[PDB]
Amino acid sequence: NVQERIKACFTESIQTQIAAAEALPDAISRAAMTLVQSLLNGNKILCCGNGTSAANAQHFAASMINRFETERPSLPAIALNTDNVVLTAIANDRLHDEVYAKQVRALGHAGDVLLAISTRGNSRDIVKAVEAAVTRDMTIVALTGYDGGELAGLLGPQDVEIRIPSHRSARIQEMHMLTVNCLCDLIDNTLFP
């Protein structure tokens, strides 16, 4: 009955992906257009997330800087959750909520995109990255789940939320990796048919 639990886990995933295929392609499409437009304008994509969403952010970053599938030029994407010295320096001062906001304020240019990844969309550090990006006239592409959290409360007319239809963090994280992969596909197919 280990085999049963494994079945259940696989099942729940498949059900989630089916529901996401029905609900998300318009949002994915919009996000992809935003990322493509920013990159075409010579802008870059700043990415942030915590935990597994940090891993997903780095996944995006690497797909852009190195490659997704096609040999093509390196594209400008930075994950803000990788420099442990920066992150812990800010935490050491007592500024845990500003770990990504400081980076966005120092590095963001108008026309850049903040790709913000969160399962619940509630963490204060991500909220603040988004609100410093808005300040900087960047557009937001948010990957979320549950009800979208504080994060979805922050998005304006130009911004895009991709809200996985799931109240389960593990499933949400899996859908975020797929979503990022569908985005890299679109981006490469568009910029380098």
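Start at 1 and count along the sequence shown; that's the residue number.
In this entry, 2 to 10 shows the higher mean Cα temperature factor of the pair 183 to 191 and 2 to 10. For the segment pair 148 to 156 and 120 to 128, the entry gives 148 to 156 the higher mean B-factor, averaged over Cα atoms. Take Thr139, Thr135, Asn66, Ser53 and read off each C-alpha B-factor from the entry; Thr135 has the highest. For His59, the recorded CA temperature factor ranks within the lowest third of the chain's modelled residues. In the deposited entry, the Cα temperature factor of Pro165 sits in the top third of values across the chain's modelled residues. Among the modelled residues of its chain, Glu98 has a C-alpha B-factor that falls in the middle third according to the deposited record. Per-chain ranking of the deposited C-alpha B factor places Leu24 in the highest third.
The entry lists a Cα temperature factor for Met177 that places it in the lowest third of the chain's modelled residues.
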